[PDB]
Every structure is written in C-alpha cells, then in structure tokens.
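Letter by letter, the chains look like this.
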Amino acid sequence: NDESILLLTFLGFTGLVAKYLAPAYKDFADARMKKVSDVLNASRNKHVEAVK
Amino acid sequence: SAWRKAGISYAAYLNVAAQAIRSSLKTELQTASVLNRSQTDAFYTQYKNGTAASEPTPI
Amino acid sequence: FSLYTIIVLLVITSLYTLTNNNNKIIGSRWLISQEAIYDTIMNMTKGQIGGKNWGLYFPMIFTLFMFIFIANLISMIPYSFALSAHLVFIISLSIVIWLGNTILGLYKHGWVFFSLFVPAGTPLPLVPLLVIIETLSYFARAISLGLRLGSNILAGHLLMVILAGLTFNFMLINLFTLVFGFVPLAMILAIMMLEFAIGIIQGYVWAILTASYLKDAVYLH
Amino acid sequence: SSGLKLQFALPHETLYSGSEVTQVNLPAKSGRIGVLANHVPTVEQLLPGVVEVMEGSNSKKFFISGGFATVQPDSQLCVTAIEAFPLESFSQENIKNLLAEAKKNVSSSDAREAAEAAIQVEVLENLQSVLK
Amino acid sequence: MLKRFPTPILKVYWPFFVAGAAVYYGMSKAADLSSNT
Amino acid sequence: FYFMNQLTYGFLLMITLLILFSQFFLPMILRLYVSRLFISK
Amino acid sequence: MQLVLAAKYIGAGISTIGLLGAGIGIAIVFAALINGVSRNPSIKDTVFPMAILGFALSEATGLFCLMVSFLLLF
Amino acid sequence: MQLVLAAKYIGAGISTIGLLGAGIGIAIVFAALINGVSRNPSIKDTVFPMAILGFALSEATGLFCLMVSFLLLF
Amino acid sequence: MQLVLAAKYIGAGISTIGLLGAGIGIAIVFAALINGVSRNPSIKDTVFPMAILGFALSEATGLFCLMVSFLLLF
Amino acid sequence: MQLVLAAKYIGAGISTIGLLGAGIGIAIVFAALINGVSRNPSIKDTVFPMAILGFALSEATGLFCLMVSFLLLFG
Amino acid sequence: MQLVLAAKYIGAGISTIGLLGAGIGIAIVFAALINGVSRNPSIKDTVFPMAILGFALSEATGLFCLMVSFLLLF
Amino acid sequence: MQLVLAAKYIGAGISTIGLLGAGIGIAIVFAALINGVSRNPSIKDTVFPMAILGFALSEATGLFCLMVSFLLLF
Amino acid sequence: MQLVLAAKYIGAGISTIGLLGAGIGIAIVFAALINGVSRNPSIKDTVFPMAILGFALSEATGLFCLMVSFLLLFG
Amino acid sequence: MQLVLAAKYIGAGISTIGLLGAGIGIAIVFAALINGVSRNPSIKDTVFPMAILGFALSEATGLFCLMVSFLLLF
Amino acid sequence: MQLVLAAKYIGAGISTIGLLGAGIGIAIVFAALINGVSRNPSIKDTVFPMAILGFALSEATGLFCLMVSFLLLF
Amino acid sequence: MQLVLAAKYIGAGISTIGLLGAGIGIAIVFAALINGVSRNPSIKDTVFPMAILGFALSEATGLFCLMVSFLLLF
Amino acid sequence: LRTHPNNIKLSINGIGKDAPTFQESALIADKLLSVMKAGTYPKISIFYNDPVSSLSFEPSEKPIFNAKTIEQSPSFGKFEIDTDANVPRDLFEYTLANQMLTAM
C-alpha cells in the first residue's frame, strides 16, 4: 500500500530525529538555559555587591 | 617551495637564499660584508619565569 | 481545507499559550523554540532593512515568516498539508505583497517612486532603455515569490506521492527484500530530510526577499 | 607619472632610489612581472631570479635573492633586495656547481634540515639557470 | 498570561489591506469571467 | 476556479496571524527580553 | 486542434529551457557575494542589498521564460 | 488524443532538462562557501547562511523549471 | 492551416531561450561588480553607472529575444 | 505500443540530459573541496560536514532528475 | 505554401536563439571592465573607449543574427 | 509498429548524452586535485584517499546515465 | 520543391547558430586585452595588435556561419 | 527495417556527441598539468601520474558514448 | 527526392555548430596570451610560436566543420 | 533506403557537432601552455612534449567525431 | 632580568660583536616567529634608540603588522594581491624581518 510505506517512513524519521537531532538540540538548549541562569545570577551578584 | 608548510618559515627562505647568493659567487666577491653574512653566532636561549636558561643553541 | 488551516492556527497558538507552565523568565522548553527564531528574525531584519522605520515595518515580514515556515512544517505529516494540493494562495498573497510595496513606494515617495526603476547615475543616451529594463522585472517579481514556495512544497508532496504509488512490487512478490529492492523507501527518506531542509531554508530566504522588497519600497535605491 | 621611479635597495649597498626606469621585470611569487609605467598597485613576494632593469644604459641583469613586488599607485615601484648581482663578475660555474653537488650530497639530514636542503637545491638550480 | 497590547493595527499595514481588497475584487470578478470552469 | 474556502478563509486566517501574533506573542517575547534587561541592571 | 495543442505544449516545454542561465547565474551572484564578504567581513552592509536587487533582476529572466511558457500552455 | 498526451510527455521531458542549471548553481554556491571558509576560518559562521540560501534559490530554479513539466505531465 | 500556428508556437518557444543569455550576462556582471567592490570600497560610485548600463544592455538583448518570441507567437 | 509508447521512450531518453547538472555539480563540489583543503589543512574539520552536505545534496538533485526519468519511462 | 512559412517561422526562431554569444560576451568583457577598473581607477578613461567600441560590435554580432532571423521571418 | 523500438533507439542514443556530466566531471575534479597537490606537496596523502570517494560518486552519475540508456536498448 | 526551401531555411538557422562561438570569443579576447592593460597601462600599444588580429579572425569565423546561412537562405 | 535503421543512424549520430566529456577532460586535465609543472617544476613525478589517470578516466566516460554509438550504428 | 536533399541541407546546417570549438579556442588562447604578455612582454617571440600554432589547430577544427558542412551541402 | 539515407545524412550532421571536445580541449591546454612558458622560461622544454601529447590525444577525439560522421556518410 | 624576570622568556647573546649582519637578524626573526609565534599577538613592540643628528636619542618604536591586519585592512583593496600566494602571512613575515633588522 502507498499508505503503508508512508507511516513506516515517518516512524523512521521520528526515530532518526530522536537519535541525532534531539540530543544535539537538547545540549544547545540546555547550554542556553544555563547561560541565562548564570547571567541572572551575575545580575544578582552585581546588585548585592553594589548594595554592600 | 614548501617553506610555509614543510620548511621552517619565510625568514628561513630569505636566509637560505641570501646564503646561497653570497657563498655561491666569485672568489673576489667574498668581501668583508660577505664574511660577516656567512659568520653567524646568534646563541639564542629560552628563558622562563625563573630565568631557567634552556640552552644557547646556535642559530 | 478550511479545517486544515485552523489546525496550524491551533498548533502555533499553543506555541506559547500551551507551553509556559508559569510564564517563567528562564523560559520553557517550547518558548525557546520561538524566542530563538524571533532572535534570528530581528537579527537579519536589522541587517537588511537596517535604519529608521525598520521596526515599524518588521512585524508583517515576521508574520509571513511564521506563516510560511509552519506551512512548510505541516507538509511533513504523511497526509501532507501542502495547502491541500492547491497552493494558489501563495501566488495570491505574493501579488498582495507586490501591491503592498507598490503602494508603500507610491506613498513614501510619490513621483520619486518612479525613480526607483532608475539608479542614481546613468548615462544620458542609455537611461531611456534601462528604465524599461528595470521596470518589467519589478512588475514581474509578483509571481516569482509564489512559484518558489509552491515549487518546493508541492513538488515534494507529489514526489513522495509518486514514489509511494510506484512502490507496488518491493516485498510482496519481489524476492529482493534488501535495499536494492527498497530503493523507493531509501530515496523517500532522503528526499524527506531534503524536504525539511529546503522548507526551512526557503522560509528564511523568502523572509529575506520580502524584506528586500520592503527596503526597496520605503527607501530609494 | 611618466615612467617609473625604481627604489632598488640592499642592506649593504643600495642600487636605485627614485631613478627613472622603463622596464623593471622582476621574478614575482607566481612568475615574473613586467612593469612599464603607472603599474597597478600590488604587494607580493619575489622568488630569487633576474630583476631585469631597462634604463638608459645597456642590458643589466640583476639577480635577486629576495624581495617584494611592491608598486605604488604613483608608479614608484620599490623592489627590495638583499644581494646584488654584477653583470659579468657574478657569473661563475665551477664554485656554484661544486657547492650544489656538496649540498645535494649532504641533503640526507633530518626533515627540518631536509626541507632547507631541498629549498637550497632548488635555488641552486635557479642560479644555474640564471647563469646562462 | 494573555496580554492585549495596543499595537499598530493599520498604521503600517494599510497598503496591505488595500492589496487584500484588490485581490478580493479580482477573485470576485474572475469567478465568472476568468474562471472558465 | 473554486477558491471560496481556499482564498477567503486563508486570507482571514492570515489577518488573524498578523493581528493576534503582533499583539500578543512577539510583544511578550520582547517583554521577556526587556524584563531580563531590567533585572540585569 | 490536436497537433495545435501538442505543439503549444512542446513550445511551453522548450520555453522553460530559457532558465538554465538564470538558474546558474542567480547562484553565482550570491556565490561571489559571499566570496567578497569573506574577503572583507565588514562590507556586508553595502554589498548585500544591491546583491539582492541584482538577484531579483537576474531571476527576472527565468521569470519571463516561465511567463512565456505559461502563455504557450494557457 | 494519443499524440496530445505523447507531446505532453515530450514537453515534460524537455522541461525537466532544465534542472541542470540548478545542479550547477547549488554546487557553485557551496563551492563559494567552502573556499571562503578555507582561506579564512573566522568567516564560516557568517558565510554558511547565504550558502544554504544559494542552495534554496538554485534548487528552486529547477523546481519551477520542471513545474511546467509536471503540468505538462499531469 | 493549423500546423502554421503550431510552427509559430515552436518558433516562439525556441526564440525565448535567449533570455538565459541575458541572465548570465547580468548575473556575471553583478558577480564581477561585487568582487571588485569588496576590494577598494572607495571605488563604488564610478563602478556604479557603468555597471548599470552594462546589465541594462544585457537585459536589452534578452528582452529583444522576448519581443521576437512575442512577435512570432502574436 | 505505437506512438504513445514511442513518445514515452523518447521522453525517457531526453530526460537524462538533466543529469549533466548533477554530474558537473558533484564535480565542482569536489574541486572546491580539494582546492580549499589544499589552501590550508586545518580547515578540513570545518569544511567536511559542509562538504558532505554539499555532495549529498548534489546527488539529491541527481536523484530528482533520475526518478523523473524513471517515471517518464514508465506508465 | 504552408510548410514554407512553417519552416520560415522555425528558422526565424532558431536564428533568434543566436543571441547567447552576444549576451554572455558583452557581460564577460564588461566583467573584465569591472575588475580592471577596481584594480586601478586612474586608467578608467583608458580602458573605457576600447570597451565601448568592442562590446558595441559584440551587440552587433547579435544584430547580424537578428538580421538573419528577420530575413528568415519576412 | 516498429516506432516503439525506433524511439527506444534514439532515446538511448540521446541518453548517452548523459555521459558529458561524468566526463567533464572527472576532468575538473582530477585537474583541481592536480592544482591542490601542486600548491601543497605534502597534502597528497590527505587529498587522494578522500578523492577516491568522489571518484566513485562521479563514476556513479556516468553509470546511472549509462543504465538509463541501457533500459532503452535492451 | 516546398521541402527544398523549407529545409533550406531550417539549415540557414542551424547554421547561424555557429555565431554564438564568435559572439563569445570576440568579446572575451578583448576582455583579456583590457584586463592586461589594467594590469599594465603602458602595454596597450603592444597588446592591441595581435589581440585585435585574433578578434578580427573570430569575426571572420562568425562570418562563415553568417555567409553559409545566407547561402542556405539566398541560394 | 527502414525507420528502425533510420533511428539507429540518428541515435548513433547524436550519441557520438558524448565525447565532449573526453575533450574537456583532456582540456582541463593538461591545463592543470601545465599549470602545476610551471608553478612547481620540482613537482612533476606526482602531477603526471594523476594527470594520465585523469586523461584515462575522463576519456573512458567520453568514449562510453562512442562505443554504444558503434553498437547503435551497427 | 525532396527529403534526401532536405536531409543534406539540414546536416550541412547543423555541421556549423562546431564553430564553438574553433572560435572559443582562438579567443581563449589569445586571452591567456595577452594576459601573459601584459604580465611580462620580454617573451613575445617565444609565446608567439605556439600562438600561431593555436590559430592553426583551432582554425583546423573550424575547417573540419566547414568541410563537413560543404560535403553535406555538395 | 530513401529515409534511411536521409537519416544517415542527419546522423552525420549531428555527429560533426562533437568536435567541440577537441576544439576547447587543445585550445585551453595550449592557453595554459603559453601561460606556463610566460611565467617561467625554464619549464618550456618540460611542458612542450606534454603540449603535443595533448595535441595528439585531443585530435584523437576530433578524429573519432570525423569517422563517426564519415561512416554514416559512407 | 632585574625588572620583569617573569615576563622574559627568551634571551640571545653574542649579537653586538660588530656591525649588523642580515643573516643573523633573519635567523633571529625566524626563531622568534617559530618558538614564540608572533602571529598570535596582534601587536609587536620593538625597542630601539634613534639619534637625531649626533647626540640626542629617543626610544622610537615602530608598529608591527600581523597577518590578521594584512588579510583585512581599511585600504587593502588598493594593492592587488594573490589569495593563492598567501601574501598576508608573507608580508607579515617580511615586515617582521625588515623592521626588526633595521631596528637592530
């Protein structure tokens, strides 16, 4: 069936995405989360040192 | 030819070219300046934070 | 087709409404997927239409950008949502954008807008030819925007459809149950990764072209 | 400007400095370049070879040992040089050939010395071709 | 959560609205003239 | 040439994009950015 | 009308050939554009927008070739 | 009506000849990308965008070139 | 009676292939232009008008090809 | 049979001239590869993933022209 | 009397295709203009008139092929 | 009746025209390899082994055009 | 007699194709001429003669095709 | 027996074109050969083997049209 | 008897497509020639011999196309 | 044999196109040759045998086009 | 040594024996660009005194241009360059040699 091969192929690209794109994108996204967190803590540090 | 990649550097290219030009010439052309060019005694030494002299290797 | 166009409205409305657990400043896992694209959009818009009134003339280029890139995204589902295989809407709104920048130039400049078809310095004996040289290209690039997106998306939809229909004797009766007999599936998967790539890149490049036409409209070159 | 103002300089004895010159054919990094008048500005290294300087005098062969093809927009070409080349005194074969053979024989040293030996062999071949 | 912000509605997109009206007029006039269906 | 449900509905929907998104979403992305700016000074 | 439509279709099919040059040239314009912007990182602001206008005017030729192909078809 | 569909098939073929321009264009834009990054490493993160746009445009030329083939074919 | 129009269509379709010549013309003109403006930004206002006239005349040849295509068809 | 199948096979023969572009494209792809890597060897790790992207896309368009030929040769 | 003018139109078209040489050539010599004048703008007036007199007859090559096409048409 | 085999034969003949891609392909890749080895004598051992992969890829287009031609011969 | 002149016209057109080579070459040769004079402004006086000689004989090559097109059209 | 032989001759005549690949093969192969030996006189024993391999593999696919043409001519 | 002489005329007409070889060849050989002469004029009498040999070979290819066109014509 | 002879004439007339291989080939090989002898004179005796080798091996391609054109003629 | 012993990392002796020679200076430049990799540092400072006519001296310093500021510059387009020739690095090494030799 034409509709049989299509669903299997879509499962294939979902598996490929989870195997390759999902980990790399996860690392990039978590790195950006971490960068935002450290700049927030740097802002807090600047505030508390200025108050001190 | 391969001074940048395989050779030492471009300065080595000029060094070898000048040495070949001076040495491979006529006997009467080996003047005092050519003698100074041939004679090299730059004993460079690698110092450090504690002035650890590695070695005065010839140039 | 109407119910299918509402679906893309629901998916991208949920991009933020159904994403932020408490609207945290750190951002959720799907708020990032939109602020990153927003950052890219603001970056190359200030790159291309950089100067005054760029901010006032950014939002509709942005709106076209998400329109087109989720429109390409929904063309990955196997019952591909490639505008229900009609794709004439791209042409109609490309003509709409052409009329929009034409009116932009005619109001911002007026009679100076006719100087958009002639550059700053041209030879006197050669200007009457180059004016008509540069005019018809401008009125013609009102279908060039449409056929690009139409080409890529529906070409992909019909090539996967054609490959799937052509895949009749691969494992049922054919004894070659290996990649030699499974070339259809292999090139289908290759052309689908290609399709995703060309869809995202073509959305970005059409954003560039629309920004370029807006720059030609609000400014003079 | 009419012609060129060649500035041929050496660390020991400069040759020319703002002197009128017609052709300053010099061995560029790729090949050799012909300079006649108001040449396009450019900066590029020179391999050793004859720097042909046509002036009011007769033919003047000037083999170079290193320099740059630095030309100004105002036709003030400045060919830096290290070693001069007398028209006839420098041309000798016995000592050059003996040194070339000796260097080829002692060219089997380490790779750092091997590259220098190969470059010396190539420049000796260039000298032999220049000898004519 | 949901913020209704006052943003330009037609101050900058008005030529786009004229273009939309023009395309509506073209579709309406071509539904019987240029349709040929 | 039937375009009643392909042109009109899509056109209205893209007005919904151009209005609702530019009123809500890009504004609150920029609100996130400017709030980060404000806390960062 | 049979051979007439056949030749109209053939004429459209050959008219679309008028875009091989457009296809390679609207690519080489950006190719040399990125080569130049690599030569000077900082000229992008002035080499980009006019490169895009040259792009539009270089896609124009393929644009008219498909226009005449459509005229042959329709 | 047999020769009409025959000429439809010929028109589709002579139309899909025109993707060779796309084939040259994609390769040449990527070629500009690669030698530009090669001669100086620091420009790659700026050059890659317009390289992939070079792909997008060059392929799009072929897609709309044999779009008249598909219309001819279908 | 009908293949006369068929030959008209074929001639127009083969005539509109000169458009890609103008496409190459204008495209390589722009590519050389930005290659030569990347070096010496100062040489821009003198390479502008003559660039304009050059791609103008290349597109003029291309549009004359389009015009003879139209004349053969019309 | 007859002129319809004859025209189908004529189209099958003609459609392969599009592979000119694919072949020349992969060719100049590797020509640029070899020239850029020869300019400096340290750039190989940055150019190789873009290199694989490039030649993969070139035979992707080659695949496009060959399967249009494949469809054109069949019913 | 019928295929007479049919082949006349065929010949007019296959003569009008002959504009590629002029189209590419005027622009390639003009690309030489661009790169040369970028190398040195001081001799712009030295390379300009030769260019004019050259690509004028380069377009005249077109003009001869167009004369052939017109004699093939009328 | 024999037109099917006849058209198969001209189709295969023009399908051998797919070999130009591979021919000029081998040409340019080998020549650029020669240039690269000339520029860097020490890079031959790192360019040739990768070059074999692209040689297989460029024979691939040749044998693809060959086998589509063969489908029209046998 | 009709196919005679019909193929005569077809041959004249496919002969006047051979003018594309001239239309390319006559321009590229003096393209390199101006490139050289840009590199060396004072060398025009000597690079002009043989460059325009090749230029004129390329005109002649194109004129062969023009003449044979006229022969297949006016004879 | 008549149109089949006609198609055989036509196909051989058009297929023998495919040696443009071998022609441009030798073209740019010994172009790079000469360029490399001129710029690198010492590098000859390396350029020449790859050069003759380039000649051989370019002419192989160039004459892979010629030998099928002979198979198609006879 | 109409179609055989028609074939002769058509073959004679297409035999002139070979002029790309001759014309482009002479053009490029003197393009590189004058580029080299400008890069240095001290080797005029050495580069001229293979230059006149270059006309000889390229115009010889031209004469081959001429004599095929003439033999097909006569 | 009537239409057979006509197709033989067409086959020769389309066989003679392929001389472009040799035409561009030998020409650009010897353009590189003259560039190489210009840039350095010491490489002349080393490149010239390669030049005549390319001469022979591309007149080979010219000769194959010759006798495929002549085989159908005779 | 007595001012900044930590900063110094290379010393060369036996240079001021007599009038300068080009070979020794060029070899010193090669060693400096090899072991210290002067290309990494955007700015290189060379210290050398300058007498006006006879008596008065000043510590004149001449800037050194690296390959980074040669491959790109405000006016690098005026002078024709060959990308394949690697003229940025070539000119960087040439100026490092000539300026240092004449400075010494």
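- Looking at the method and resolution fields of the entry, one finds cryo-EM and 4 Å.

**Focus: the overall build of chain J**
Alright, step 1. Helix and strand counts for chain J come out as three helices and zero strands.
Alright, step 2. The C-alpha atoms of chain J give a radius of gyration of 18 Å, which is well past the 11 Å a tight globule of 75 residues would have.
Alright, step 3. Considered along the principal axes of its C-alpha atoms, chain J spans approximately 60 × 15 × 10 Å.

**Quick look at the overall build of chain F**
Alright, step 1. Within chain F, the secondary structure is distributed over one helix and zero strands.
Alright, step 2. Projected onto its principal axes, the C-alpha positions of chain F cover 60 × 10 × 5 Å.
Alright, step 3. Every one of the 41 residues in chain F was classed for burial, and the buried ones make up 51%.
Alright, step 4. With an accessible surface of roughly 2,100 Å², chain F has 77% of that area assigned to carbon and sulfur atoms.

**Some details on the arrangement of the chains**
Alright, step 1. One thing to see here is that chain J and chain K don't touch, and their nearest C-alpha atoms sit 19 Å from each other.
Alright, step 2. For the non-touching pair chain F and chain L, the nearest C-alpha separation works out to 38 Å.

**Structural notes on the nonpolar core**
Alright, step 1. Membership of the largest hydrophobic core comes to 320 residues, with the highest contact counts inside it found for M50 of chain I together with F30 of chain M.
Alright, step 2. Ignoring anything within four residues of it in the chain, the contact list for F30 of chain M reads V29, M50, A51, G54 and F55 of chain K together with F55 of chain M.
Alright, step 3. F22, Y48, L96 and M100 of chain Q belong to the second-largest nonpolar core, a separate cluster that totals 27 residues.

**Considerations on the interface of chain A and chain C**
Alright, step 1. Facing the 15 residues of chain A at the interface are 19 residues of chain C.
Alright, step 2. Taken over both partners, the interface formed by chain A and chain C buries close to 1,500 Å², and the fraction arising from carbon and sulfur atoms is 74%.
Alright, step 3. At the surface where chain A touches chain C, the tally comes to two salt bridges.
Alright, step 4. The salt bridge involving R32 of chain A is made with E35 of chain C; its shortest N-O contact spans 3.5 Å.
Alright, step 5. Here chain A and chain C share three residue pairs in polar contact between them.

**A few points about the pattern of salt bridges**
Alright, step 1. This model, assessed by the stated rule, comprises 16 salt bridges over all chains.
Alright, step 2. Of the charged contacts in the structure, one is a salt bridge between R112 of chain D and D30 of chain Q, with a shortest N-O distance of 3.8 Å. Taken together, the positions of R112 of chain D in helix α2 (residues 111-131) and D30 of chain Q in helix α1 (residues 22-36) put the pair across two chains.
Alright, step 3. Here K17 of chain Q makes a salt bridge to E24 of chain Q, at a shortest N to O gap of 3.5 Å.
Alright, step 4. Judged by its relative accessible area of 46%, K17 of chain Q falls in the partly exposed class.
Alright, step 5. Salt bridges sharing common partners tie together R4 of chain B together with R89 and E93 of chain Q.

**Topic: the packing of aromatic side chains**
Alright, step 1. The full count for this structure, using the stated rule, is 53 aromatic pairs over all chains.
Alright, step 2. Both rings, one in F176 of chain C and one in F180 of chain C, keep their centres 4.9 Å apart while their planes meet at 75°; by these two values the pair is edge-to-face.
Alright, step 3. Judged by relative accessible area, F176 of chain C falls into the partly exposed class, the value being 34%.
Alright, step 4. For the ring pair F8 of chain D and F62 of chain D, a centre distance of 6.2 Å and an interplane angle of 40° mean the geometry is tilted. Here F8 of chain D, found in the loop between β1 (4-6) and β2 (19-21), pairs with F62 of chain D, found in the loop between β4 (49-50) and β5 (63-64); they are 54 residues apart in sequence, far enough to count as distant.

**Details of a nonpolar patch on the surface**
Alright, step 1. On the surface, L3 of chain G, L3 of chain H, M1 and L3 of chain I, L3 of chain J, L3 of chain L, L3 of chain N, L3 of chain O together with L3 of chain P cluster together to form a nonpolar patch covering roughly 680 Å² of accessible area.
Alright, step 2. Relative to the helices and strands, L3 of chain O is located in helix α1 (residues 2-14).

**Focus: the UniProt feature "transmembrane region" in chain F**
Alright, step 1. UniProt records the feature "transmembrane region" at residues 7-26 of chain F, using the numbering of this structure.
Alright, step 2. Taken end to end, residues 7-26 of chain F is 100% helix and 0% strand, and its first and last C-alpha atoms sit 26 Å apart.

**Regarding the UniProt feature "transmembrane region" in chain J**
Alright, step 1. Here the UniProt feature "transmembrane region" sits at residues 14-34 and 52-72 of chain J.
Alright, step 2. Span residues 52-72 of chain J is 100% helix and 0% strand, its end C-alpha atoms 30 Å apart.

**What about the interface of chain G and chain H?**
Alright, step 1. Listed by partner, the interface residues are 34 residues for chain G and 37 residues for chain H.
Alright, step 2. Of the roughly 2,800 Å² buried between chain G and chain H, counting both surfaces, carbon and sulfur atoms make up 79%.
Alright, step 3. The three residues of chain G that bury the most area against chain H are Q2, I34 and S38 of chain G, which together make up 20% of that side's buried surface.
Alright, step 4. At the boundary of chain G and chain H, one finds zero salt bridges.
Alright, step 5. For the pair chain G and chain H, the interface holds seven residue pairs in polar contact.
Alright, step 6. When residues of the side of chain G that touches chain H are traced back to their parent elements, those giving at least two are α1 (2-15), α2 (20-39) and α3 (44-73) of chain G.

**Things to note about the environment of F55 of chain J**
Alright, step 1. The topology assignment puts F55 of chain J in helix α3 (residues 44-73).
Alright, step 2. Here the alpha-carbon distance between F55 of chain J and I14 of chain J, two residues 41 residues apart in the chain, equals 24 Å.
Alright, step 3. With residues up to four places along the chain from it excluded, the contact list for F55 of chain J reads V29 of chain J together with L57 of chain L.

**Comments concerning helix α1 (residues 2-14) of chain J**
Alright, step 1. Taking 1.5 Å as the rise per residue, α1 of chain J with 13 residues should run 18 Å; its terminal C-alpha atoms sit 18 Å apart, in good agreement.
Alright, step 2. The complete set of buried residues in α1 of chain J reads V4, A6, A7, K8, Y9, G11, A12, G13 and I14 of chain J.
Alright, step 3. Buried residues along α1 of chain J sit against α1 (2-16) of chain H, α3 of chain J together with α1 (3-15) and α3 (44-71) of chain L.

**Observations regarding unusual backbone geometry**
Alright, step 1. With a phi close to 55°, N23 of chain C is a non-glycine residue in the positive phi region.
Alright, step 2. Inspection of the secondary structure assignment puts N23 of chain C in the loop between α1 (2-13) and α2 (32-48).

**Regarding the side chain of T16 of chain H**
Alright, step 1. Relative to the elements of secondary structure, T16 of chain H occurs in helix α1.
Alright, step 2. Taking relative accessible area as the criterion, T16 of chain H reaches 1% and is therefore assigned buried.
Alright, step 3. Excluding residues that lie within four positions of it along the chain, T16 of chain H makes contacts with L66 and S69 of chain H together with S15, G18 and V68 of chain J.

Rules used in this analysis
Numbers attached to residues count from 1 within each chain as its sequence is written and can disagree with those in the entry; no residue without coordinates is shown. Chain A is the first chain written and ligand 1 is the first ligand written, with later ones labelled in order. Although these chains sit within a larger assembly, the values stated refer solely to the portion shown. Based on all heavy atoms of the structure, the side-chain values leave hydrogens and waters out of the count. Residues with missing side-chain atoms are left out of burial classes, side-chain pairs and their counts. Only DSSP runs of H or I covering at least 4 residues are called helices, and only runs of E covering at least 2 are called strands; the numbering of each starts at the N terminus. Each radius of gyration is computed over the set of C-alpha atoms, and the globule rule expresses the reference value as 2.2 Å times the number of residues to the power 0.38. When a residue's accessible area, from a 1.4 Å probe over protein chains only, is under 20% of the maximum for its type it is buried; when over 50% it is exposed; and in between it is partly exposed. Note that accessible areas follow from Shrake-Rupley with a 1.4 Å probe, and for residues the cover is restricted to the protein chains shown. Only heavy atoms matter for contacts: two residues are in contact if any of them lie within 4.5 Å across the pair. Here, nonpolar core refers to any group of buried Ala, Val, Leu, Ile, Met, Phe, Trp, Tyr and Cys residues whose side-chain atoms link them within 4.5 Å. For any pair of parts, buried area is found by adding up, for both, the accessible area (1.4 Å probe) each one loses once the two are put together. One side-chain nitrogen of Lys or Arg within 4 Å of one carboxyl oxygen of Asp or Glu is enough to make a salt bridge. Polar contact criterion, stated in full: a pair of N or O atoms within 3.5 Å, where within protein one must be able to donate a hydrogen and the other to accept it, and residues adjacent in sequence count only if both atoms are side-chain atoms. A pair of aromatic rings is counted whenever rings of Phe, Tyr or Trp (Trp by its six-membered ring) have centres within 6.5 Å, and the orientation is called stacked for planes under 30 degrees apart, edge-to-face for over 60 and tilted otherwise. Residues with no salt bridge and a relative accessible area higher than 30% make up the patches, which join like charges within 9 Å and nonpolar side chains (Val, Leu, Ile, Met, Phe, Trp, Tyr) within 5 Å. UniProt positions are given in the numbering used here, feature names are shortened, and annotations may be inferred rather than shown by experiment. Helices are assigned an expected span. That span is 1.5 Å times one less than the residue count.

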